[PDB]
Amino acid sequence: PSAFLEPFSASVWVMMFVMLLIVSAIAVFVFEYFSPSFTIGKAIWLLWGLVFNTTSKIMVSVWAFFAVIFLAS
Amino acid sequence: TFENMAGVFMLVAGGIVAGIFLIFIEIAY
């Protein structure tokens, strides 16, 4: 079968695929919005570093709950 | 899909919104 797709996991694959994209976009937007540098160069890096083992970092840290919930699901 | 996916999506969205709102009001205050 295919890899990293519906046959491998997430038999529905109709809601989580866009959910992850929209939450990632929201996190990237709010990382720069709550800055007081590079959007895709730092926000995405922080997200991918928090999914696995200033105030912007603190507020992005809330997304670790979503990351662990997604991993458990 | 059905009730479970919608419920978990709403729960995580509400948690994220509450966290970002708390951070925003803390920064503003």
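As a convention, Cβ positions derive from the backbone with ideal geometry for all residues, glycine included, and neighbour counts pool all protein chains shown. Bear in mind that the values in this text are calculations on the coordinates, not laboratory data.
Quick one: pull the percentage of alpha-carbon pairs in chain A with a separation above 20 Å. Looking at chain A, the distances longer than 20 Å represent 36 percent of pairs. For peptide A:56-66, the mean count of partner chain Cβ atoms within 10 Å of a residue's Cβ comes to 4. Between residue A:48 and residue B:29, the FRET efficiency estimated from the beta carbon spacing at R0 = 30 angstrom works out to 0.40. In this label model, residue A:15 and residue A:2 are separated by 2.0 nm, measuring between points 7 Å along each Cα→Cβ vector. In this structure, residue A:64 and residue A:22 have a Cβ-Cβ separation that, at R0 = 22 Å, corresponds to a calculated FRET efficiency of about 0.80.
Going by average Cβ neighbours within 10 Å, how do the peptides B:14-26, A:5-17 rank, with the highest at the top? Mind showing how you got there, number by number?
Working: B:14-26: 14.0, A:5-17: 12.2.
Highest to lowest by the protection proxy: B:14-26, A:5-17.
Mean residue ellipticity, 222 nm, helices only, the protein assembly as shown: the sum of -39500 (n - 2.57) across DSSP H runs of n ≥ 4, divided by residue count and rounded to 500, is -21500 deg cm²/dmol.
Residues of the range A:29-59 with the amide nitrogen closer than 17 Å to a label point 7 Å from the Cα of residue B:22, along Cα-to-Cβ, please. In the range A:29-59, the label zone of residue B:22 (backbone N under 17 Å from the point 7 Å along Cα→Cβ) covers A:55-59.
Sequence-ordered 3J(HN,Hα) estimates for the range A:41-51 from the Karplus curve with 6.51, -1.76 and 1.60 and θ = phi - 60° stand at x, 10, 5, 5, 4, 5, 4, 6, x, 8, 5 Hz, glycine and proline given as x.
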